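Novice: What follows is the file structure35.txt, containing compact mmCIF, C-alpha atoms and all ligand atoms:
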```
# COMPACT_ATOMS: atom_id res chain seq x y z
CA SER A 1 -43.71 87.73 13.96
CA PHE A 2 -45.17 86.10 17.19
CA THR A 3 -48.01 83.61 18.11
CA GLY A 4 -50.49 84.28 19.79
CA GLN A 5 -52.44 81.25 18.49
CA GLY A 6 -56.02 82.74 18.72
CA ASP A 7 -55.88 82.03 22.47
CA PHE A 8 -58.32 81.60 25.40
CA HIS A 9 -58.06 81.22 29.23
CA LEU A 10 -60.72 79.94 31.77
CA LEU A 11 -60.70 78.69 35.42
CA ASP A 12 -60.56 74.91 36.14
CA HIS A 13 -63.16 73.28 38.51
CA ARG A 14 -60.27 72.69 41.06
CA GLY A 15 -58.89 76.30 41.41
CA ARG A 16 -56.35 76.54 38.51
CA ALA A 17 -56.76 78.29 35.11
CA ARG A 18 -56.32 76.44 31.78
CA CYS A 19 -55.06 77.88 28.45
CA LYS A 20 -56.00 76.85 24.86
CA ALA A 21 -52.68 74.92 24.47
CA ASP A 22 -53.47 72.08 27.01
CA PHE A 23 -56.56 70.88 25.07
CA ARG A 24 -54.47 70.15 21.88
CA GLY A 25 -54.37 66.42 20.84
CA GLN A 26 -58.10 65.78 21.67
CA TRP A 27 -61.67 66.10 20.38
CA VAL A 28 -63.50 68.55 22.75
CA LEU A 29 -67.26 69.30 23.00
CA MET A 30 -67.90 72.95 24.01
CA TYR A 31 -71.21 73.66 25.83
CA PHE A 32 -72.42 77.18 26.83
CA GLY A 33 -74.56 77.09 30.03
CA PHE A 34 -74.94 78.20 33.66
CA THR A 35 -75.03 76.41 37.08
CA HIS A 36 -78.85 76.98 37.50
CA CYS A 37 -80.77 75.62 34.43
CA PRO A 38 -84.08 73.99 35.51
CA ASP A 39 -84.93 71.49 32.71
CA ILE A 40 -82.75 71.85 29.51
CA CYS A 41 -79.18 71.10 30.80
CA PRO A 42 -80.30 68.03 32.94
CA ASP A 43 -81.74 66.50 29.73
CA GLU A 44 -78.89 67.47 27.31
CA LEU A 45 -75.88 66.77 29.64
CA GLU A 46 -77.25 63.25 30.42
CA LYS A 47 -78.20 62.93 26.70
CA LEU A 48 -74.60 63.88 25.61
CA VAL A 49 -73.07 61.71 28.44
CA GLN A 50 -74.92 58.72 26.86
CA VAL A 51 -73.27 59.67 23.47
CA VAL A 52 -69.79 60.00 25.15
CA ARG A 53 -70.37 56.52 26.74
CA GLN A 54 -71.41 55.05 23.35
CA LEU A 55 -68.03 56.38 22.06
CA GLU A 56 -66.28 54.65 25.03
CA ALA A 57 -67.93 51.38 23.79
CA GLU A 58 -67.47 51.76 19.97
CA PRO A 59 -63.79 51.25 18.88
CA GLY A 60 -62.03 53.79 16.58
CA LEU A 61 -64.44 56.74 17.24
CA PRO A 62 -63.08 60.11 18.61
CA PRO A 63 -62.43 60.59 22.39
CA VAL A 64 -65.01 63.42 22.79
CA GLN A 65 -64.19 65.27 26.06
CA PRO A 66 -66.97 67.69 27.27
CA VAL A 67 -66.44 71.21 28.69
CA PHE A 68 -69.34 73.14 30.34
CA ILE A 69 -68.81 76.96 30.23
CA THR A 70 -70.58 79.63 32.41
CA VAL A 71 -72.11 82.44 30.25
CA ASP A 72 -72.46 84.97 33.19
CA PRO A 73 -70.51 85.10 36.54
CA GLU A 74 -73.20 86.89 38.69
CA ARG A 75 -74.56 83.50 40.05
CA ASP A 76 -71.67 80.89 39.71
CA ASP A 77 -68.59 79.64 41.73
CA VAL A 78 -65.49 77.41 41.11
CA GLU A 79 -66.71 75.30 44.09
CA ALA A 80 -70.21 75.10 42.46
CA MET A 81 -68.52 73.88 39.20
CA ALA A 82 -66.58 71.32 41.33
CA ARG A 83 -69.94 69.85 42.49
CA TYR A 84 -71.66 70.25 39.05
CA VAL A 85 -68.83 68.17 37.48
CA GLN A 86 -68.56 65.44 40.16
CA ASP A 87 -72.29 64.91 40.99
CA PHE A 88 -72.82 64.15 37.27
CA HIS A 89 -69.49 62.22 36.84
CA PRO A 90 -65.67 63.00 37.15
CA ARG A 91 -65.49 62.65 33.27
CA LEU A 92 -67.20 66.12 33.13
CA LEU A 93 -65.11 69.36 33.04
CA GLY A 94 -66.38 72.76 34.35
CA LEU A 95 -65.03 76.15 33.16
CA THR A 96 -65.77 79.70 34.48
CA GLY A 97 -64.32 83.27 34.53
CA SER A 98 -65.39 86.96 34.31
CA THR A 99 -66.37 89.90 31.99
CA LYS A 100 -63.05 90.68 30.22
CA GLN A 101 -62.60 86.94 29.52
CA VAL A 102 -66.14 86.18 28.19
CA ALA A 103 -66.57 89.53 26.32
CA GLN A 104 -63.18 89.34 24.49
CA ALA A 105 -63.84 85.66 23.67
CA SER A 106 -67.27 86.73 22.23
CA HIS A 107 -65.66 89.66 20.29
CA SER A 108 -63.11 87.20 18.77
CA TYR A 109 -65.71 84.40 18.25
CA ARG A 110 -69.20 85.93 17.62
CA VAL A 111 -72.00 83.67 19.04
CA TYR A 112 -75.63 84.14 20.29
CA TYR A 113 -76.80 84.73 23.89
CA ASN A 114 -79.48 87.31 24.81
CA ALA A 115 -78.86 89.99 27.50
CA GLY A 116 -82.32 91.47 28.32
CA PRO A 117 -83.74 94.70 29.87
CA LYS A 118 -86.27 94.80 32.78
CA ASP A 119 -88.09 97.55 34.78
CA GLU A 120 -90.86 96.68 37.37
CA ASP A 121 -92.34 93.13 37.78
CA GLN A 122 -89.83 91.04 36.99
CA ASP A 123 -88.93 87.61 35.54
CA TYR A 124 -86.16 86.96 32.85
CA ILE A 125 -82.39 85.99 33.04
CA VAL A 126 -80.47 85.26 29.73
CA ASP A 127 -81.39 83.01 26.72
CA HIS A 128 -78.90 80.13 26.17
CA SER A 129 -80.08 78.89 22.72
CA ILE A 130 -78.92 75.17 23.08
CA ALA A 131 -76.06 75.15 20.50
CA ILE A 132 -72.75 73.22 21.05
CA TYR A 133 -69.42 73.11 19.11
CA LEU A 134 -66.62 70.63 18.18
CA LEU A 135 -63.04 71.79 19.01
CA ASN A 136 -60.26 69.57 17.56
CA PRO A 137 -56.62 68.36 18.12
CA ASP A 138 -54.63 71.49 16.90
CA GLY A 139 -56.81 74.13 18.74
CA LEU A 140 -59.15 74.68 15.72
CA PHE A 141 -62.94 74.10 15.43
CA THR A 142 -64.79 71.73 13.00
CA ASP A 143 -68.55 72.57 13.20
CA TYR A 144 -71.68 72.98 15.42
CA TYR A 145 -74.51 70.76 16.80
CA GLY A 146 -77.70 71.10 19.01
CA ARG A 147 -80.93 73.21 18.55
CA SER A 148 -83.14 70.03 19.13
CA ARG A 149 -81.88 66.38 18.64
CA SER A 150 -81.40 63.12 20.64
CA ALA A 151 -78.65 60.46 20.97
CA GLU A 152 -79.52 58.46 17.79
CA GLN A 153 -79.01 61.57 15.58
CA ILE A 154 -75.88 62.63 17.58
CA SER A 155 -73.77 59.43 17.32
CA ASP A 156 -74.42 59.31 13.51
CA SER A 157 -73.63 63.07 13.25
CA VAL A 158 -70.35 62.65 15.28
CA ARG A 159 -69.51 59.75 12.84
CA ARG A 160 -70.28 62.10 9.85
CA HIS A 161 -68.35 65.09 11.39
CA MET A 162 -65.46 62.55 11.87
CA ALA A 163 -65.80 61.34 8.22
CA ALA A 164 -65.68 65.04 7.08
CA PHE A 165 -62.76 66.32 9.27
CA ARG A 166 -60.95 62.95 8.78
CA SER A 167 -57.90 60.96 9.76
CA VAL A 168 -55.16 61.20 8.10
CA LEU A 169 -53.29 58.78 8.69
CA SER A 170 -55.92 57.54 6.23
CU CU A 201 -79.96 74.58 29.92
```
Could you quickly redo this structure as structure tokens?
Specialist:
Amino acid sequence: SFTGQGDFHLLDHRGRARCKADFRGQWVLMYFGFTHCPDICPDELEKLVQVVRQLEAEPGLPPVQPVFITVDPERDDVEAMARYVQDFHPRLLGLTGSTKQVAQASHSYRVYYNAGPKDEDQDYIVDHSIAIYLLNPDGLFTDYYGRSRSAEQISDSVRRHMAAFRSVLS
């Protein structure tokens, strides 16, 4: 008795907070990042935006909506997300939160990011190991992508992930 649908809750880049249930009826691309990457995110977000724009051009392919998610709150803001979305394009979506969100999400859904020690000198932040995930139109996941790729492998992989997950109404 009760559901309780394997939920989640994050802040919207305009000062609200969105639940798992709103995103139903879409394909959604989940990206784990932070508002201060030097030279990985400004490749990959533009690289993925070119794949999203290919799927605006090519008829019958899935409407892949991106979300960018902050992995640590000690350097972010909802107003920083609001810029990080819009100065790329208003088709972006920015999501943020705090410890008892991101920790209980990670306890429910185990995934890699490296919290490091330090003592005296002192570079290092957190490793964000360039993986992304496909969330789908009932609030379930399909599979992963990333590690090292570029648009020509992505559009064919999104076509193959589509041909695996399927429609129905066939
Ligand atoms: Cu990055």
Novice: Rounded to one decimal, what separation in Å do you get between CA of residue 95 in chain A and CA of residue 112 in chain A?
Specialist: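 These two atoms are separated by 18.5 Å.
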Novice: Select the residues contacting ligand CU 201 (chain A) at a distance of at most 6 Å, based on only C-alpha atoms and all ligand atoms, then format the selection as a PyMOL selection string.
Specialist: chain A and resi 33+37+40-41
Novice: Please, which residues in range 44-124 of chain A fall within 9 Å of range 136-158 of chain A when counting all atoms listed in the file, and what is the closest atom pair and distance in Å to one decimal for each, ordered by chain then residue number, as CSV?
Specialist:
```
residue,atom,partner,partner_atom,distance
A:44,CA,A:150,CA,8.3
A:47,CA,A:151,CA,6.3
A:48,CA,A:151,CA,7.0
A:50,CA,A:151,CA,7.2
A:51,CA,A:151,CA,6.0
A:52,CA,A:155,CA,8.8
A:54,CA,A:155,CA,7.8
A:55,CA,A:155,CA,8.0
A:61,CA,A:158,CA,8.6
A:62,CA,A:158,CA,8.4
```
Novice: For a cutoff of 8 Å around the file-coordinate point (-60.6, 82.4, 31.9), which residues qualify once you count only C-alpha atoms? I'd like the result as a PDB file with C-alpha atoms, in the coordinates of the input.
Specialist:
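Output below, filename result_27.pdb:
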```
ATOM      1  CA  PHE A   8     -58.320  81.600  25.400  1.00  0.00           C
ATOM      2  CA  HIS A   9     -58.060  81.220  29.230  1.00  0.00           C
ATOM      3  CA  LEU A  10     -60.720  79.940  31.770  1.00  0.00           C
ATOM      4  CA  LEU A  11     -60.700  78.690  35.420  1.00  0.00           C
ATOM      5  CA  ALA A  17     -56.760  78.290  35.110  1.00  0.00           C
ATOM      6  CA  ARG A  18     -56.320  76.440  31.780  1.00  0.00           C
ATOM      7  CA  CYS A  19     -55.060  77.880  28.450  1.00  0.00           C
ATOM      8  CA  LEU A  95     -65.030  76.150  33.160  1.00  0.00           C
ATOM      9  CA  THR A  96     -65.770  79.700  34.480  1.00  0.00           C
ATOM     10  CA  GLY A  97     -64.320  83.270  34.530  1.00  0.00           C
ATOM     11  CA  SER A  98     -65.390  86.960  34.310  1.00  0.00           C
ATOM     12  CA  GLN A 101     -62.600  86.940  29.520  1.00  0.00           C
ATOM     13  CA  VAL A 102     -66.140  86.180  28.190  1.00  0.00           C
TER      14      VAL A 102
END
```
Novice: Which one of A:132, A:93, A:81, A:71 sits closest to residue 115 in chain A if you count all atoms listed in the file?
Specialist: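 Checking each candidate against residue 115 in chain A, we get A:71 as the closest.
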Novice: Counting all atoms listed in the file, figure out which residue out of A:165, A:124, A:34, A:2 gets nearest to residue 76 in chain A.
Specialist: A:34
Novice: In Å, how far is it from CA of residue 14 in chain A to CA of residue 72 in chain A?
Specialist: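 Here the two named atoms are 19.0 Å from each other.
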Novice: Counting all atoms listed in the file, which of A:159, A:128, A:30, A:46 gets nearest to residue 87 in chain A?
Specialist: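 With all atoms listed in the file as the atom set, the closest residue is A:46.
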Novice: Which is closer to residue 26 in chain A than all the others in A:59, A:122, A:64, A:53, using all atoms listed in the file?
Specialist: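 Among the listed residues, the smallest separation from residue 26 in chain A belongs to A:64.
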Novice: Skipping near chain neighbours, those fewer than 3 positions away, what residues fall within 8 Å of residue 28 in chain A using all atoms listed in the file, listed as a list in words?
Specialist: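 Contacts, in chain order: residues 23, 64, 65, 66, 67, 134, 135 and 136 of chain A.
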Novice: Given 6 Å on each side, where is the centre and what are the edge lengths in Å to one decimal of the axis-aligned box enclosing the listed atoms of range 55-71 of chain A, as AutoDock Vina command-line options?
Specialist:
```
--center_x -67.1 --center_y 66.8 --center_z 24.5 --size_x 22.1 --size_y 43.2 --size_z 27.8
```
